[PDB]
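Take a look at this single chain, the form deposited in one PDB entry, given in structure tokens.
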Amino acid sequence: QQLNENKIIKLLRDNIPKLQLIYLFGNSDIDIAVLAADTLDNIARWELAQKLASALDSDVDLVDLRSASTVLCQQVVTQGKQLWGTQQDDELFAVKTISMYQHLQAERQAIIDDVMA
């Protein structure tokens, strides 16, 4: 398992320029999230996900924490293990996501109340 983590870390670092954070969350797909100084190209992001999946012999979802939704970032913050990156960036991203998720929960409360009877 730890050997699998190193493959993920090095594969992401060797293909993502100016990479800042690598989180691992989630026999099906391996759930990886990344934050860099830029937003990954959608097609290129999926291509890197498929490269990771072929290297690990298991499905892989690569989450761009710069373009992903607030709910997904909140899930990654709440359960994701940080594989790579400084703790300062981790704390910054965590507090950003928590504050934005609180404001969003304030925003979308009526819709959730309506759809859930």
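Only residues modelled in both forms are compared. All residue numbers are counted from 1 along the displayed sequence. Rigid core (definition): largest C-alpha set, two forms, superposition within 1.5 Å.
The form deposited in another entry is left out here; the points below concern that form.
Novice: For a quick test of reading the superposition: does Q109 move by 2 Å or more at the CA between the shown form and the other one, rigid core aligned?
Specialist: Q109: C-alpha displaced by less than 2 Å between the shown form and the other one.
Novice: After the core is matched up, is the C-alpha of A94 off by 2 Å or more between the shown form and the other one?
Specialist: Not so; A94 is displaced by less than 2 Å.
Novice: Taking the shown form as reference, are the C-alpha positions of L52 and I16 brought closer or pushed farther apart in that other deposited form, with a change of 3 Å or more?
Specialist: Their C-alpha distance shrinks by at least 3 Å in that other deposited form.
Novice: Mind checking the CA-CA distance of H103 and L21 in that other deposited form? It differs by 3 Å or more from this form, so is it closer or farther?
Specialist: They are farther apart; the C-alpha distance rises by 3 Å or more in that other deposited form.
Novice: With the core fixed, which bits of the chain, 3+ residues long, show every Cα moving 2 Å or more between the shown form and the other one?
Specialist: Run moving 2 Å or more: only 5 to 26.
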